[PDB]
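What follows is one chain in C-alpha cells, specifically the form solved without the named molecule.
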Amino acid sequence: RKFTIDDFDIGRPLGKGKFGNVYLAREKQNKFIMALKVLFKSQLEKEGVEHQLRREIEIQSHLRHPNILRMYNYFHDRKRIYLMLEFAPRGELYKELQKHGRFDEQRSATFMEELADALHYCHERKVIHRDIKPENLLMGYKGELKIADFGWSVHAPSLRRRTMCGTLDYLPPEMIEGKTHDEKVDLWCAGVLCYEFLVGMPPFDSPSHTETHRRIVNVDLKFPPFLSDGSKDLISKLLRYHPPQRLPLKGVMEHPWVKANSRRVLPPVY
C-alpha cells in the first residue's frame, strides 16, 4: 500500500544537504512532479537527530496551506528516509532577494500577506515556527511564498517556551533576555523579514553578536529614507519590545499598506 523509490523517476538534484539531497522527481503512476528529500538513517542516528526529524515531519505532514510547502507522504528503505514534498518551481527566496538586492513594495507586501496567512494557519493549531527568515522560504509557480523549513518549530499547546532558537538577526528580545516566549515571536520575525525584504539587510545588522543583541533589545530601529510611510508603519507595529503589543497576524493581513500593495493570488485547488 506504500511508496518505494522505484515509484519515481529521478530528474535531477535540487539541493545539496548534509543529511542527504533533494531531487526533482516524477511519481510514475500520476506523472506528478514533486521533490524527494533523501536522508540517510545512519547519519541521522550518529548525529543524534532522530527525535528532531520526527518532530519536523509530524508538524509539516499535518499542515495544508497554499503558502506552506506540502509534505504529501514519506517512506523508507534499508538505508534511507524519503520525504515526498511539493516542488516550488521558482526556488529559494533568499536567492531572489540576493539577486535583486531588495524587493519593491508590491513584491514585499504580497509576501507579507502570504506569510501572515500561513503563520495564522499555524498559530490556529498552536504551532510556532520560530525561524522565519528568507532562507526558509521557497517560491511557487506564480512566485507564491512557501514556508519550507520547520527545523525550529514546535507544537506548544500550553506551556510557554524557553528554548533560544532561530537566527541571530531575527531573534526577538525575549529570547535574548532569557524570558519564556510564545507564538508572538513569529510576529517579531515577520517584522524583521518585512524590513529585510524592503531594505536588503536585517535591521539590527552589527559587526558583533553582542552589538546585535544590544540593538535588538533596545529595538534600535533606523529606517532608511527610501521606505514608504506605510511600510514603516507595518514594520514598527510588528517590531515591538513587548510581545503583547505586536500587531496580530490578522492585523498584518488587514494593514492598509498590505491591502494597497499586495497582488496575492491563491493557487487553483483540485
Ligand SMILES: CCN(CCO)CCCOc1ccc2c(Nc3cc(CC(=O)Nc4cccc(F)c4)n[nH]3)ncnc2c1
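We call the rigid core whatever largest set of C-alpha positions still superposes within 1.5 Å between the two forms. Shifts are known only where both forms have a C-alpha. Numbering starts at 1 and follows the sequence shown.
Q: What stretch has the higher average Cα B-factor here, 243 to 251 or 9 to 17?
A: It is 9 to 17 that shows the higher mean C-alpha B-factor.
Q: Compare the mean C-alpha B-factor of 129 to 137 with that of 94 to 102 as given in the PDB entry, and name the stretch with the higher value.
A: Mean CA B-factor is higher for 94 to 102.
Q: Which of these, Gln29, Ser61, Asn67, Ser228, has its C-alpha atom at the highest B-factor, as the entry lists it?
A: Max CA B-factor in the entry, restricted to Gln29, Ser61, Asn67, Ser228: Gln29.
Q: Quiz for you: based on the deposited Cα B-factor, which of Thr110, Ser158, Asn73, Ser153 is highest?
A: If I rank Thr110, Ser158, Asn73, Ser153 by C-alpha B-factor, first place goes to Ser158.
Q: Hey, what third does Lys232 fall into on Cα B-factor, ranked over its chain?
A: It belongs to the lowest third of the chain when residues are ordered by C-alpha B-factor.
Q: What third of the chain, by the recorded C-alpha B-factor, contains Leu44?
A: Its C-alpha B-factor belongs to the highest third of this chain's values.
Q: Classify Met201 as lowest, middle or highest third according to the C-alpha B-factor given in the PDB entry, relative to its own chain.
A: Tercile = middle for this residue's CA B-factor.
Q: According to the PDB entry, is the CA B factor of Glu183 in the bottom, middle or top third of its chain, that is, lowest, middle or highest?
A: According to the entry, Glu183 has a C-alpha B-factor in the chain's lowest third.
Q: Per the entry's values, where does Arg162 land by CA temperature factor relative to the rest of its chain, in the lowest, middle or highest third?
A: Tercile = highest for this residue's CA B-factor.
Note that the form solved in complex with the named molecule isn't included here; everything after this is about it.
Q: Among 215 to 223, 63 to 71, 197 to 205, 230 to 238, mark the stretch whose residues have heavy atoms within 4.5 Å of the named molecule in the entry with it bound.
A: Result of the contact check: 63 to 71.
Q: Heavy atom to heavy atom, is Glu86 within 4.5 Å of the named molecule in the entry with it bound?
A: Yes, contact at 4.5 Å.
Q: Would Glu92 count as touching the named molecule in the entry with it bound under a 4.5 Å heavy atom rule?
A: Yes, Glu92 is a contact residue.
Q: With a cut-off of 4.5 Å between heavy atoms, is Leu138 one of the residues that contacts the named molecule in the entry with it bound?
A: Contact check for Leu138: yes, within 4.5 Å of the named molecule in the entry with it bound.
Q: Whether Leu14 contacts the named molecule in the entry with it bound should be assessed with a 4.5 Å heavy atom distance threshold; does it?
A: Yes - in the entry with it bound, heavy atoms of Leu14 and the named molecule come within 4.5 Å of each other.
Q: Of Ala148, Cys122, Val154, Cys165, which residue is found within 4.5 angstroms of the named molecule in the entry with it bound when only non-hydrogen atoms are counted?
A: The residue in contact is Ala148.
Q: In the entry with it bound, do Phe19, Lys37 and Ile57 all put a heavy atom within 4.5 Å of the named molecule?
A: Yes, the whole candidate spot contacts the named molecule.
Q: Kindly list the runs, ordered along the sequence, of 3+ consecutive residues whose C-alpha shifts are all 2 Å or more between this form and the one not shown once the two forms are aligned on their core.
A: Only this run moves by 2 Å or more: 16 to 20.
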